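Read on for two forms of one protein chain; each stands alone as structure tokens, with the labels structure 1 and structure 2.
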Structure 1
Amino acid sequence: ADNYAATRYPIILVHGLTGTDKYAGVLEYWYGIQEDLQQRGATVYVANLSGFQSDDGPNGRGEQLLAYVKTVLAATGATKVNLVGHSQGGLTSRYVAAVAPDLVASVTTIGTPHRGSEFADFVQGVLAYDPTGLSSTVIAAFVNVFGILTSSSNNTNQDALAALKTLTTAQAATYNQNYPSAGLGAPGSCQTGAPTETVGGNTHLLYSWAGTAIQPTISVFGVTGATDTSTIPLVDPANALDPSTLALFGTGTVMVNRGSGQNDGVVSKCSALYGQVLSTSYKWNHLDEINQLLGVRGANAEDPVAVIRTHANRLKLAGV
């Protein structure tokens, strides 16, 4: 213990897809990160939202988080919170920052698809290929039951198709239209915006970082091969001990063929840019960003727990 990560305002960790579980259910989402932060003097809360849903909407994750923030403020006696989200959680965070600017002090997005995911476009295109349209109903029924069963609170508010639609490239562009941010650059620019945003009296510190383990190598006959820079070639134990390692290399290959460029298996570099970009050089796949699975990472991957801890100190020195 010490006060290295002792920020003025409480930190709320915001999850992306999968299960309406903040963590727990069958394993914590932010693996070992809450314990580490607490040990260094931080007040941390983990949001428990719908794993499958859109961010906006009456029953979306955005309104669920707003409610949660209010509960935390009432409990801690604090006046604002620092929001840090991974994946879709970064989009849920932007919603609260937009809808309730006076209750937010900073927004940090880790591997967030601000411009959507090319892999999402792929999955939906596949689903839409069924001329009878029956598959979409069955897979939705299957993913929804999964969500409620994996949910810690066994939340019945799941909508697999809404969540899929949300991570889509086209839908993201509409989201950015409805919930603009000074941290965002022009669409199609692959550029970031300003490091802060002042929503009338309230100023927000904006940060982001991406993982770019999946790099495009060569193209031949149309296809482009990719490389997983987070692992030592072939022999890396991560390939054996963490099944998401190879899985994300594969989804990352599909993305490279959809013109995404370097990515983390789900989100590309350009789609993740927001506010003050601390780095896009991390050799991490989408799940390494949150120290998964069970803390397993490739030999070339930076320590995610260390980066997040260092960031809580960054906020502290910034005054939030």
Structure 2
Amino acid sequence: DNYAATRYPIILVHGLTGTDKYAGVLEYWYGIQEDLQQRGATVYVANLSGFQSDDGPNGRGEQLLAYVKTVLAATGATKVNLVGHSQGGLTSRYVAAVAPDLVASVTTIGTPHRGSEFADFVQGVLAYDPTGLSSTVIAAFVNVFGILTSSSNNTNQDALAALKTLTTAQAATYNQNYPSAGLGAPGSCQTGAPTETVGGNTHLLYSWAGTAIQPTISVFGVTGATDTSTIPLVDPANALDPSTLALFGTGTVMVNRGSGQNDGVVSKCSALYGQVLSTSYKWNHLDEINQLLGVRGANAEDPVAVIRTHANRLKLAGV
């Protein structure tokens, strides 16, 4: 049918470690492009640096702008609907900010608009090496991982830049450099407006967040969490998808760094942007993109259906 048939093409934009297809085999947006296309949507999947800042000449933002232009040329369209996961949402904001005439909407899924306490943590861990050699060694490993897994073996990988970009202090600077009507006041845990208009260009702004990881007990200055996406302990998702327990682990570090409810690496407050459709999904960070390989806990909503319904929402909104 045409349930997901939007006026403007939808460009799905990946975040950290990403590419359109890992090693040219595993779709980042698992089963999403096919689902949307089957429902009549025109969908393109960006392939940007998995590790980089969003701004800068070598950044993901310029890469996405360049890609948007090739999509407009190929389809004959004048604007696109940007849907970004995690850092992809920040990249989408960059394009909406520098080329408002080419964007009709920006939807962010689990995007760290205010940064990540987990990025703050990882950056701090690196600082404890007195020699600084681990920064060089680990960055090299990660950069190589990015080049090897990129579908096109993109050599533009800068793990340290990516890490810095996702920290809370740097995200605050990014927000000053690239403001948006969809963002509320820093430190307020509020969203902004549902739209932004610059000159004759209006952008429909949306967002949702996964809050599977909930702080549930505090003892001796230590906060314990619960992964609400799963049936306690026995959920097959803990067995079939290694990221389920991994994100519960990172999510625990998050709550102990004062993040509050989160998806494993992005807090609810950090994810707020534009019209906040929901922050109640019992999803971890990868459940948001139907990963790994479609496995999610028993209490987790269907992410394929959520994204599809949103394509229809965009259609109904006129974009």
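Shifts are known only where both forms have a C-alpha. Throughout, rigid core stands for the largest set of C-alpha atoms superposing within 1.5 Å between the two forms. Sequence positions of structure 1, starting at 1, serve as the residue numbers.
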* Superposing on the rigid core, does the Cα of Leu294 end up 2 Å or more away between structure 1 and structure 2? -> no
* **Rigid core superposed: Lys22 CA moves 2 Å or more between structure 1 and structure 2** => yes
* Asked: What is the C-alpha shift for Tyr129 between structure 1 and structure 2, rigid core superposed, to one decimal in Å?
  -> 1.0
* Asked: With the two forms matched on the core, what distance in Å separates the two CA positions of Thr79 between structure 1 and structure 2?
  -> 0.3
* Asked: With the rigid core superposed, can you list, in sequence order, the 3+ residue stretches whose C-alpha atoms all shift 2 Å or more between structure 1 and structure 2?
  -> 19-26
